[PDB]
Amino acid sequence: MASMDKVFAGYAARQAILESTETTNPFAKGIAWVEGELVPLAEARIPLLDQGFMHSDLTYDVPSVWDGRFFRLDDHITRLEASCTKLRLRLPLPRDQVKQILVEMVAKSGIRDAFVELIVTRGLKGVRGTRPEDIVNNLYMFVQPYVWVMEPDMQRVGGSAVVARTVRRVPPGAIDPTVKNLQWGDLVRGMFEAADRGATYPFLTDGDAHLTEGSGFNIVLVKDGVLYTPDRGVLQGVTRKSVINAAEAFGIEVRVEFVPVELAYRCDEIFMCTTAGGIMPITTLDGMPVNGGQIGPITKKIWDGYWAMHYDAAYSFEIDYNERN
């Protein structure tokens, strides 16, 4: 219930070092792997005919680095492989080589707090009209400075959400939300709706009176000392997984189940969770304060627990930035 000052101050200090190197290190603003070559992220290009662009025929995943430590990298690569399997894709390199490249990329960038993305696409030939044996999947990877879906200043007070009414989440029988994907048509609609309504974060329903997820995050409700989070219709987030780990360590019950929309209007606390920002409190919903409008005690406990895990060998490992090896 009190790690924010230190977590954010550490980040600010590391950030200041990174920023100072932007004119000397061409990778300080990010680095990409394309067709076996490493290039500054702003200069990275992909073939126009890649079906990842032509029909968003891809999956992706986003591990992260915090304070020079990769967080749950194996979980993210395993989820990527699972997503590939569901799409009949195959990770184009052995996963141990992939890990080695990522660590090399991070080390070269000098970035201590990083957003790391891997993308596997169908390749230069589409599914339609192609012999399955002629299909060759493509891999793209990049590392960039850590991305905040909720900035540190706002995490201190909580953000503003709406339950979206002009859009609902793509259902699993159309697109499987457990397959991480970049088909964000509904999520972008949600972001526009939130903004139109004077808020920031959209919570999308399943179009059947139950909650799913938002534009880049899972949703957790807190009521009478219990956490509630949607089971079906959502990405099985690694942050959400970490929230469950922390809750279990603290003796807090977590129910991963169908969550009726009505619970969002009568719960004690709300937070979002995602790799790109961590634990993100929501203190206004549909223009109304959430139970008084302050960040709640269980949210604070989970917040602290989540960041503590980033230093636990069971969930993280230290990257060697030395040059080299």
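One rule holds for the numbers: they count along the sequence shown, beginning at 1.
Relative to its counterpart among 130-138 and 204-212, 130-138 has the higher mean temperature factor, C-alpha atoms as listed in the PDB entry. Mean CA temperature factor is higher for 29-37 when stretches 29-37 and 61-69 are set side by side in the entry. Considering 239, 160, 109, 83 together, the PDB entry gives 109 the largest C-alpha B factor. Looking only at 233, 225, 173, 185, the residue with the top Cα B factor in the deposited structure is 225.
In the PDB entry, a CA B factor belonging to the middle third of its chain's modelled residues is recorded for residue 89. When the modelled residues of the chain are ordered by their C-alpha B factor, residue 280 lands in the lowest third. When all modelled residues of the chain are sorted by CA temperature factor, residue 251 is found within the highest third. Per the PDB record, residue ranking by Cα B-factor puts residue 156 in the highest third of the chain.
Sort the chain's modelled residues by C-alpha temperature factor and residue 18 lands in the middle third, per the entry.
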